[PDB]
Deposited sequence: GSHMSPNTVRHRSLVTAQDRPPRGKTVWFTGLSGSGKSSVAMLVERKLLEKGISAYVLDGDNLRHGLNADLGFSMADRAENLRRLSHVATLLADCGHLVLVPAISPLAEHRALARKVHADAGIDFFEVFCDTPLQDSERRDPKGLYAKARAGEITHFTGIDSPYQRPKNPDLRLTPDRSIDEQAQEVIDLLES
């Protein structure tokens, strides 16, 4: 069965990660693509209910989130992950988990101890409308 891919959105709270991810989801579902917004905050209620909010627990939450993304992508989904992921190592580990799974991984930086990504696939900035920004993610996936 077909395999999906992951778009990982990193950036400070208030940078529009969840808004953009949700609009991309809607636009992809209209396309007939099984898109899915994977939010770590939701996972915290069930799967990840053992974790707290220490830095170590946040790293672990993200490590787990990257494996849930590869699992959903293995199941065919276009996974959209809005996660602050402030450390480069958070994003590097998620990238490595995807490489090992053979799942394509796109990093989108929603720009405003946050370590700024040097080489994202796409950098979004607040001049543009959320609709425009969503279309830029869509253009990235279709390129």
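*Asks:* What portions of the deposited sequence, indexed from 1, have no corresponding C-alpha atom in the structure?
*Replies:* Comparing the full sequence with the modelled residues, the uncovered ranges come out as 1 to 20, 133 to 162.
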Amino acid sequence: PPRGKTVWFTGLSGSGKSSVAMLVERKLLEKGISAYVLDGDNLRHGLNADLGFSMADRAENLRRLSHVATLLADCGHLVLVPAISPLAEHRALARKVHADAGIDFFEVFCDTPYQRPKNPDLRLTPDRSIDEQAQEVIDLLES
From here on, numbers count along this sequence of modelled residues.
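*Asks:* Averaged over C-alpha atoms, is the B-factor higher for 129 to 137 or for 10 to 18 in this PDB entry?
*Replies:* Going by the record's values, the stretch with the higher mean is 129 to 137.
*Asks:* Please compare 23 to 31 with 60 to 68 and name the stretch with the higher mean C-alpha B-factor in the deposited structure.
*Replies:* According to the PDB entry, the answer is 23 to 31.
*Asks:* In the PDB entry, which of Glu107, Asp50, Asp39, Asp100 has its C-alpha at the highest B-factor?
*Replies:* Largest recorded C-alpha B-factor: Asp39.
*Asks:* Give the position of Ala92 by CA B-factor within its chain, expressed as the lowest, middle or highest third.
*Replies:* For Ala92, the deposited C-alpha B-factor lands in the lowest third.
*Asks:* For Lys118, return the chain-relative third of its C-alpha B-factor as stated in the PDB record: lowest, middle or highest.
*Replies:* For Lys118, whose C-alpha B-factor we compare with every modelled residue in the chain, the answer is the highest third.
*Asks:* Divide the modelled residues of the chain into thirds by Cα B-factor and specify which third, lowest, middle or highest, holds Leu78.
*Replies:* Bottom third by C-alpha B-factor.
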